[PDB]
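> my complex, first installment, coordinates as in the assembly:
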Amino acid sequence: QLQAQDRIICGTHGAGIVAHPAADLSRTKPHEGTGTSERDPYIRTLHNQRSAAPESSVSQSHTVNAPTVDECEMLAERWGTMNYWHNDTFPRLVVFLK
Amino acid sequence: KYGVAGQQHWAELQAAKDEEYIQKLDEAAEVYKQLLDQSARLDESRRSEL
Amino acid sequence: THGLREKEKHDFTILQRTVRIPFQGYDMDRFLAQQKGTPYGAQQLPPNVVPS
Amino acid sequence: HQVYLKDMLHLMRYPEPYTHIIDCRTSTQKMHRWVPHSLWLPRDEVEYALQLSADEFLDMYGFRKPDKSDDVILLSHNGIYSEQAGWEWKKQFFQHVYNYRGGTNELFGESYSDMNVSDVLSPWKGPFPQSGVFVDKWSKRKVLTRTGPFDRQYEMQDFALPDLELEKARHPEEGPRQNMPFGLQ
Amino acid sequence: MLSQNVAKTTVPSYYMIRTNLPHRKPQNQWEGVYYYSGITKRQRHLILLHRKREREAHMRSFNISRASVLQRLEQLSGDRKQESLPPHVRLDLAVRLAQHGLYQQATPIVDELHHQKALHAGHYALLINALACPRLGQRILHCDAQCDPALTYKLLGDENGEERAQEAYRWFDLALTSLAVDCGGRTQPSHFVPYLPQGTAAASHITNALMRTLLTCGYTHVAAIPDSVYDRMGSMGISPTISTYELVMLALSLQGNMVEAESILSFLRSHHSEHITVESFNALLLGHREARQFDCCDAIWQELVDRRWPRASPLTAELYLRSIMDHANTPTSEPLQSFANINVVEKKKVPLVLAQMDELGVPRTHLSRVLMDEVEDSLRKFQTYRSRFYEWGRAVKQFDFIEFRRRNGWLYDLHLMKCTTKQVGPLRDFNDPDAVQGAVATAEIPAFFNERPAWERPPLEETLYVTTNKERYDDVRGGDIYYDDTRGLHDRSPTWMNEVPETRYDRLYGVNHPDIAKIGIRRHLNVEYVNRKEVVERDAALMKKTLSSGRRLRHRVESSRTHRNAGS
Amino acid sequence: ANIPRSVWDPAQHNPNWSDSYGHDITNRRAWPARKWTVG
Amino acid sequence: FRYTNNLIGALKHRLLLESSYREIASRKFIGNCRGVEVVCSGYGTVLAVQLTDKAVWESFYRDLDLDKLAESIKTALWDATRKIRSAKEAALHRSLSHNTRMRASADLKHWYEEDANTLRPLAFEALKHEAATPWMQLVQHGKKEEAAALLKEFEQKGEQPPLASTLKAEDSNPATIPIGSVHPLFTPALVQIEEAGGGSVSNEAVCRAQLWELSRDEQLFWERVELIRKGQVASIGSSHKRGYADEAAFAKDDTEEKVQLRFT
Amino acid sequence: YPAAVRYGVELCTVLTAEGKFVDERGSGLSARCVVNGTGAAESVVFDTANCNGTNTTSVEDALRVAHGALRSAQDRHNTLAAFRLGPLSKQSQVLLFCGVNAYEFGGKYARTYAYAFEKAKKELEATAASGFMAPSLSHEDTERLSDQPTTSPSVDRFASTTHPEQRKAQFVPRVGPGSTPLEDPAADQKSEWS
């Protein structure tokens, strides 16, 4: 819901709510930085590991999506619920009969 | 007048005052140690006087 | 070793008190583009510096 | 840190380009042999030697001053003067300062002593020193500390000798301790 | 004698009866029970010696095998060079040479066989697989790969993989030509020429062998497998197989690309069920371990536990266990390293996965020796039984632990031995300064919580100064029973010259700039002795004239309008 | 992993999670009872 | 200790590289492109160029397509050179990965320093080595006894890599490289310690050099200490020094000093 | 000197030469080719204008003339490199030969260098024997205490090898990551996994 969240929360050091003679050729510890600019903050608030959005809480076995070409090809072998076969949108029994 | 510059200048003044009081406290500690040594000598002399 | 680097970090920390949240605009992409001067009609000429 | 006789022999057989072996033996009248790959730096003058600059050290001691990063091995008669020199060097913040505690006595079979310190301490004469009197911080009761007449050095000395015959000769035939009661031995 | 045996008990007096002071400190609720999970400094030497001996035995076995194959080559090809060796004998000799890492010797044999048409569809794939040096890989795994299958591919590629890769490509092209010829010969009346030999199963087997042997050539060929080889297979029309897909997954995992490696297995899962083996799962585990995705590695392991088919192999168990070990042996950053290393807790789940291995049927003894050593360390650190729990933490055991700590000189973290001599006062606020405060509760919190700023502290205090904390012998009404005396490392007696032997520097008598060159022995030691004072003075005298050269009057001539006037 | 990534990963950030002071200030506030001219 | 360990690691690396060079120079590298194969030795010199199969390639090359043939030949030569360079770089990688003394130095530089452009087998040095006679090859590679025997016998009496009569399979063994041949850069200086006959080190030469240096250093040390003593005696008075006392931590024991004496 | 030789070898590596060959049998076709100095070729071409009205040459003749052109180009480049690097190499040879005393392999340190070379050979042979895995820097895998070298880090150097609080490198004991001891680690603490 947050606008531009990929660069405000997941991309910006300090989540965008922080402001931004350092020597050159200096090895700094990964937990901090020189502080020259936003890309090199005094304290790095972004992790160096892999990022991943939380696993979707949307039910997967209940939502009925549009039928694909491969799904139509394998429709005869595939099983399904009665609601799957007589779905309100994109019924599968009609596709099987066709 | 100065949101951060005034804070830093007052910090400098406070640091100067703290440094002066720190050196004064070091002098006080030195004189207190000398007083402790004097008291120890006086107590030893009083013990051995008899 | 003198420690003025962590003094710089502490000065940044105490400066963060007086800051306030910047205004990224309602349309953030539009606002960032306007700041960059990229959209049509948003070009601003640099000030005419006096010659030496 | 320590340096051993095997290390010294290895260095003698194969010298290294930047390993300085410093001889701290003073009183050159008592010095008679030359340690291999060794430069003489007197222990009495080491304090000023470390203060001297590179050229000031070179023109004063005949050889260039080893740098901090270079390891320096200190040899003396018994290791006492060399150990004090190592203390001076480490106070002057040299990185690798090793001391050969075997010394000239082990390396050449000499009996010269640099300090001639008597390990045995003379028996205490006089009262207990008031500097060792301790008082508790609650009841203001004065107690004693292991100093002066009652010293751990005095306990280490006057102890049972490692030799059974020597201890039996030290004590009379009746027993080791007999002036004390039966339950105090 | 060590300066950590502080006298916790006070001097005996009437206070111990008159006051309600406790005679011991209360037990620390959040202090763990001491238990012994260390190494005697000799078991490590023993295990290192055992590992070295096993490694030497493996090297000896490989050297014996390689000497045998070299002797067979010398006595077969070098001897009967004129004699026409049987095609199968030449094929097996070439396969052995390729497997033992000798690609140079085998190449002419296979070239001669291809020229003589002795090679066939299965034989090309066999030669390509032999080119991967399985025996060399088996040697290096137990000798210098630390029994790491992931590192085995890298080392085998470093074993001159570029030449092997080029030979594999050439053999693949020759195999394609031979398959085309054979299909044309066999399918003459069936009119199926245009779909062959790419439609045949032999082409799939040969390209699978090519990719499998390219996996052990280098980073370039491993990365080129799914980027170039897979696309070439698709363009030619060779149907991929489960081995092809798993080799692509392994190549992507070695590259570190995990999104594509998950995508291909997702395609297999959605379309080709009852065709997936444990190779895909262990390839994903290896890739996540390489890419530092231990959470994903654990998720894949849990999924494999949930779905019993396909069965978990010892390779899969080893991969997951060493991924756990790598996760546990990884440091955090400085803010998280304030107290201790927190990733060590990752070894506490090793018994859980061992129990899961026992439930699944995975042998515990079918693991590598180094991983077994790490597993034994983890079990020693986080493993106990009810029998040992019923008697651990006895008073004698705890005090023996304390005695071990005293002998090793580490008494800082022991509750019964630690003594807090320093205390922290309050901070007076500039607002409302007329109110005094008081303590309500006392906690032993570490020093770094309230450590003074670095700039408000002498730099390099630890080495520049020596600070000793000791108790005052005299009675103090105000307090501060234990005070710290700080003396500079370079502190000297004020009359230092009087208690030192007389030296040769006393002539200087405190002059700021002594003539050390004049008083040194080097001047007499050497003959020439260029002197700095002399050279400086000589250079100044020689260079003053160039520094100040001066000016001269220049004659001026009246400039005529039509010419230039001359002069003499 | 012994530390769920839903506590440090910004990709799993909780928008609805307020700060540690606003709720305490609000539920400490005791509004004046003279909303109406009578009672 | 640091110097010795670093020198041992560097010498092991150089030995590995020299063995790799000796094993690579006596090898064949074949580049194939569209039926035209170019075989080159370990030094990059082209040994042969020939058509693999005439029946299947003459029709493809057609008169004759000189453009196609030249492009194929150039491609084959480039592939062969790529193979040679890759082999040398892979040997370097094996040495770096198997060496731990160098690994103790946490420097990525060593992986790029001696890359696949400055190793011992060099194309622009191929002619000076491969075109040489067997005696020249032996003396360059450091086979003192072999060269001496060849000189005494042969000269008195009267498609394959040329550098193969000297660089054999056993030469690739690490326990064969002479001290004067392990380091090509310092060869003219290292040849001095190596004995005239045999690649082994003659201990007599190094012992004599060390003895001469030790004698010079001992005499110089004695002169220095004599001068220092003379200067110290001159700068002080009587030829004696004030004693040095141990600080220790024992009590002063000055009770007897406090006692005075008066007269009645 | 090492910088000079590296500059020379890199420059000769990147510089390219040219060579031409003419057939002396049958048709008078010729080829010309350039060599980059690594042994490869950037361009090889044939000239057919000089050829008469036959066009009967076969593939083997073209291959032979191309091989001859390649050989000529390689020899040309080798001679060019020799002429480029000659004087520097000779001056370096005489410098190295006559300035051994100003080196680690000349004078009192030649014996040290020879000993280091011999021990490096022995250690490489041991590594080859032990599965191409180097022995531990501190000789912890040695079965005998007489096999560890004097220079090996196995031997301790701390004074007071028995009493703690004195087996430390610096003036004050230090700690590593967290609060673990640093001056003298334990066997279980010095884990060398992976």
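It's in. Numbers count the residues shown, from 1 in each chain, chains lettered A, B, ... in the order given.
> Which residue is the nearest non-sequential neighbour of the residue nearest the centre of chain H?
Central residue check for chain H by Cα atoms, centre = their mean: the C-alpha nearest the mean position is that of residue H:6, 11.5 Å away. Leaving aside its sequence neighbours, residue H:6 sits nearest to residue G:118 (Cβ to Cβ, 6 or more residues apart in numbering or on different chains; 6.2 Å). In this view, the C-beta of every residue, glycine as well, is placed from N, C-alpha and C.
> The one you found: how many residues sit nearby?
14 (other Cβ atoms under 10 Å in any protein chain shown).
> Kindly report the same for residue E:32.
7.
> Now for it: which residues touch it?
Contact analysis of residue E:32 by Cβ atoms under 8 Å, 6 or more residues apart in numbering or on different chains lists nothing.
> returning to what we had before: backbone torsions only: list them for the residue nearest to residue H:6.
Residue G:118 adopts backbone torsions of phi -130, psi 20, taken as degrees, to the nearest 10.
> thought it was touching residue H:9?
Yes - taking Cβ atoms under 8 Å as the definition, residue G:118 is a contact partner of residue H:9 at 5.4 Å.
> The residue nearest to the centre of chain H sits in which helix or strand?
Element membership of residue H:6, judged by DSSP states H and E, is helix H:2-14.
> same thing with residue G:38?
Going by DSSP H and E, residue G:38 is in strand G:36-40.
> Remind me what the next helix or strand after that strand packs against, helices and strands.
Proceeding N to C from strand G:36-40, the next assigned helix or strand is strand G:46-51, under DSSP H and E. Counting contacts by 3 or more Cβ pairs under 8 Å, 6 or more residues apart in numbering or on different chains; DSSP states H and E, strand G:46-51 packs against strand G:36-40, helix G:66-98, helix H:59-98.
> still on that earlier bit, what sits against the residue nearest to residue H:6?
Residue G:118 touches H:6, H:9, H:10, H:13, counting by Cβ under 8 Å, 6+ apart.
> The same query, at a cut-off of 7 Å, please.
H:6, H:9, H:10 (Cβ atoms under 7 Å, 6 or more residues apart in numbering or on different chains).
> how far away is the first one from residue E:493?
With distances taken as Cβ to Cβ, to the nearest Å, residue H:6 is found 57 Å from residue E:493.
> cool, and residue E:424?
36 Å.
> Same question for residue E:388.
Applying Cβ to Cβ to residue E:388 and residue E:493 gives a distance of 60 Å.
> Could you do residue E:35 as well?
52 Å.
> include chain I too:
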Amino acid sequence: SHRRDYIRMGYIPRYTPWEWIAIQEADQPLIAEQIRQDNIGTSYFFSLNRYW
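Same chains as before, plus chain I:
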């Protein structure tokens, strides 16, 4: 660790940080039989007539 007002200003946390959680969990070992696992079944004629 970053907090400097832990008890000086009375900043007592009501939630134990994950670092302390990990330290306290890793301090103590795990009971091996604390995990439940069985597939053979129950010893009908044994598991009660064991050694004394």
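> quick recheck of the neighbour count of residue G:118 now chain I is there?
14.
> and if you look at residue H:190?
That count, for residue H:190 with other Cβ under 10 Å as the rule, works out to 12.
> So it, which state does it fall into?
Put simply, residue H:190 is coil when judged by DSSP: H, G, I helix; E, B strand; the rest coil.
> and if you look at residue D:98?
The local conformation at residue D:98, judged by three-state DSSP, is strand.
> Report the beta-bridge partner residues of it.
Assessed by DSSP bridges, residue D:98 has beta-bridge partners residue D:73.
> From what I see, it and residue D:8 are in contact.
No - judged on Cβ atoms under 7 Å, residue D:98 makes no contact with residue D:8 at a distance of 10.2 Å.
> Residue G:80 contacts residue G:37, correct?
No - with contact defined as Cβ under 7 Å, residue G:80 does not reach residue G:37; the gap is 8.9 Å.
> which one of the two has more residues nearby?
Between residue G:80 and residue G:37, counted using other Cβ under 10 Å, the more crowded position is residue G:80 (25 against 19).
> Ignoring the adjacent residues along the chain, who's closest to that one?
That would be residue G:31: by Cβ to Cβ, 6+ apart, it lies 3.1 Å from residue G:80.
> and what of residue G:246?
Nearest one to residue G:246, counting by Cβ to Cβ, 6+ apart, is residue D:117 at 6.3 Å.
> on that earlier part again, tell me, what's touching residue G:80 and residue G:37 both at once?
With Cβ under 7 Å, 6+ apart as the test, residue G:80 and residue G:37 both reach G:30, G:31.
> which stretches of chain I form strands?
With strands called from DSSP state E, chain I shows them at I:30-31.
> For the closest residue to chain B within the stretch 51-200 of chain G, what are phi and psi?
Closest residue of the stretch 51-200 of chain G to chain B, Cβ to the nearest Cβ: residue G:106 (40.6 Å). Residue G:106 has phi and psi values of phi -80, psi 60 when expressed as degrees, to the nearest 10.
> Run a quick neighbour tally on it.
Residue G:106 has 5 nearby residues by other Cβ under 10 Å.
> need the contact list for it.
Contacts of residue G:106 (Cβ under 7 Å, 6+ apart): none.
> before we move on, back to that, buried ones in the strand holding residue G:38?
For strand G:36-40, the neighbour count (16 or more other Cβ atoms under 10 Å in any protein chain shown) marks G:36, G:37, G:38, G:39, G:40 as buried.
> Contact partners for the third one?
This points to residue G:38. G:31, G:46, G:49, G:73, G:76, G:77, G:80.
> extra chain here, label it chain J:
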Amino acid sequence: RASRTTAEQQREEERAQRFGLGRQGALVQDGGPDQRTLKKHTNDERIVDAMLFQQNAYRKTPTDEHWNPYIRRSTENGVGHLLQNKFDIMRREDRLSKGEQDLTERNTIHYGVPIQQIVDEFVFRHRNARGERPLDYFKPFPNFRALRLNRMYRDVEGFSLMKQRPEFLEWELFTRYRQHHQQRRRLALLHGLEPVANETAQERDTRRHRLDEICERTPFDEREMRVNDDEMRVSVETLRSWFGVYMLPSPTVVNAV
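Okay, here's chain J dropped in alongside the others:
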């Protein structure tokens, strides 16, 4: 020659002055030859020697203290020691050239500062962050939405251009549009025509067309409209009178358009 030697002397003298090299006065003092007077925040040769000693007192190799994995895998100085094979080196260089994160930099676990912690620090430094809190936070009973902070959410996209301070009633028109879209999505959920996961362009167009058909005939719900902090309760007829009917059209206007 004079210029060269003077340049060398000047460089040495400036370095010595900057780092305070050399003894501080007389070489032979009564109280020992080493008498240094340290000053606060000043450079000194003793300080430089002490820091070098602390770094490398008895260091034989840079990896001397790498016996433990936590020290060994540190990424402060670099990844040179972590890299050990050419395969890893090539993988790292390929990742760097492609722009993705280097795998070797993951050898050190670095959790950053959680967003909750950042917000807590911000609020603590800003004394409840009263300047950033919404006005509803100061109402009697705020909920979590008006209790968390003031951000910008994905509901202002694709509206009339609005400056830092929007013009008169423009924000109210925006709130009306937001309520209109909320009712539109409520109608879409009530009927069919839900946005499905894998929908092509044709399916999306048909769904959107049918949703528009079914929504053009459904009256707007007046009750669902609400004001947040200070939005003036303005009627649809008033908004039409101000901005023109085309902004909030009637069904006849929609049909005519």
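> Go back to the contacts of residue G:118, now with chain J?
Counting by Cβ under 7 Å, 6+ apart, residue G:118 has contacts H:6, H:9, H:10.
> so, if you compare these, which one comes nearest to chain B?
residue H:6 (53.2 Å).
> residue in chain B nearest to chain D?
For chain B, Cβ to the nearest Cβ, closest residue to chain D: residue B:44, 4.5 Å.
> pretty sure that residue is touching residue D:130, no?
Yes - using Cβ under 7 Å, residue B:44 is in contact with residue D:130, at 4.5 Å.
> Leaving out the residues flanking it, which one is nearest to the spatially most central residue of chain D?
With distances taken as Cα atoms, centre = their mean, residue D:80 lies nearest the centre of chain D, 3.7 Å away. Leaving aside its sequence neighbours, residue D:80 sits nearest to residue D:115 (Cβ to Cβ, 6+ apart; 4.5 Å).
> Assign that neighbour to helix, strand or coil.
coil.
> Also the one 5 residues further on?
Reducing the assignment at residue D:120 to three states with three-state DSSP gives coil.
> Now do it against chain A, distance only.
56 Å (Cβ to the nearest Cβ, to the nearest Å).
> still on that earlier bit, so which of residue B:44 and residue D:130 has more stuff around it?
residue D:130 (17 against 14).
> all helices for the stretch 151-257 of chain J, in order.
J:170-190, J:201-215, J:236-243, J:251-256 (DSSP state H, counting those that start in this stretch).
> the inter-axis angle of the third one versus helix J:170-190?
Between helix J:236-243 and helix J:170-190, the angle comes out at 130 degrees (axes from the mean of the first three to the mean of the last three Cα atoms, to 10 degrees).
> buried residues in helix J:236-243?
Buried, per 16+ other Cβ under 10 Å, within helix J:236-243: J:239, J:240, J:243.
> do the first one as well
Burial within helix J:170-190, assessed by neighbour count using 16+ other Cβ under 10 Å, is assigned to J:170-177, J:179-180, J:183-184, J:188.
> what about that helix and chain C, any contact?
No - using Cβ under 7 Å from any Cβ of the partner chain, helix J:170-190 never reaches chain C; the gap is at least 8.6 Å.
> How far off centre is that helix?
Centroid separation between helix J:170-190 and its chain, computed with Cα atoms, centre = their mean, to the nearest Å, is 30 Å.
> ok, is it in contact with chain A or not?
No - against chain A, helix J:170-190 shows no contacts by Cβ under 7 Å from any Cβ, the least distance being 12.1 Å.
> Report all helices and strands that that helix contacts.
helix J:201-215, helix J:236-243 (3 or more Cβ pairs under 7 Å, 6 or more residues apart in numbering or on different chains; DSSP states H and E).
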